[PDB]
Amino acid sequence: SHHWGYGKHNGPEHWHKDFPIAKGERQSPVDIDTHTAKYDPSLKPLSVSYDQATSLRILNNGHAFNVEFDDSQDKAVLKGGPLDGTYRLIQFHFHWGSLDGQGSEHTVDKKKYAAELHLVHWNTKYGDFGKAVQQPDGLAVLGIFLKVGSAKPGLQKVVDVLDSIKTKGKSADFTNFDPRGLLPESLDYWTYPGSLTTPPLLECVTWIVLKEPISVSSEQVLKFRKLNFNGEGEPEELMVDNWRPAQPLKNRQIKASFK
Ligand SMILES: [Zn+2]
């Protein structure tokens, strides 16, 4: 079959066997070379409208945990920046490390952060998520780096329920979560065309990666690292290092929103 993971034999280096697009022209993540990434003055202001965001549930899918949202109307939408039209938030999740010095998928001048938050939106041009993922302009993912320092109050509600979804397949109701509480103070960003960073690795993503990291506490990070890849009863495999390394940039240019 096409089971995949982050281990020695089922991890990113081997994904291509089952998902040949893994060696495609627009794979993610990438290293962001700040020297070559040029200001684009044509990028419009980035707009997030999250006041009416409706979170539904949190689940451990054996690779990460996802917080899922009602995307049936324009209640949590990303617009502007590089984007044409309206993108609805469907879910967010994180990637993180076993150690603070690794965990991010994107890197900045080769620097790795402790983790990376992905807020996943899809383009209402296409009428549902399934249709959007099949298109180069189908998704917009807002990438937010985490470093370890001061606790992040707006993360605490997430961290506080991770004990209920320790293992693969677990889910719980998760309402009234405000994703605005996960944002940094500056929304300066880089953007480039790329892919899902997990199988099926489709090249449907406009990446928007914020320059300014959020700070989270070592306590919050420790809670992430206590999660399991495995299901209940199976041998323990700590959910850590669920990040894909930098892929070749190939022909692509990375644009900066800031002068
Ligand atoms: Zn992700």
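Numbering starts at 1 and runs along the chain as displayed.
Structure method, as recorded: X-ray crystallography, 1.6 Å.
Just so it is clear, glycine is given a Cβ too, placed from its N, Cα and C backbone atoms.
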Which of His118, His121 belongs with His93, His95 in the Zn(2+) site listed by Swiss-Prot: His118
Which one of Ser104, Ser171 shows up in Swiss-Prot with the note phosphoserine? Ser171
Candidate set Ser72, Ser98, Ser164, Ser215, residue annotated phosphoserine in Swiss-Prot: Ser164
Filter the candidate list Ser1, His63, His118, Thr197 of recorded positions, keeping only entries whose CB is under 6 Å from an atom of ligand 1. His118, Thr197
Under DSSP, is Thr198 (substrate binding site) part of a helix or a strand, or is it coil? coil
Counting only residues 6+ apart in the same chain, whose Cβ is under 8 Å from the Cβ of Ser171 (phosphoserine)? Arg57, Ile58, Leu59, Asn60, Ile165
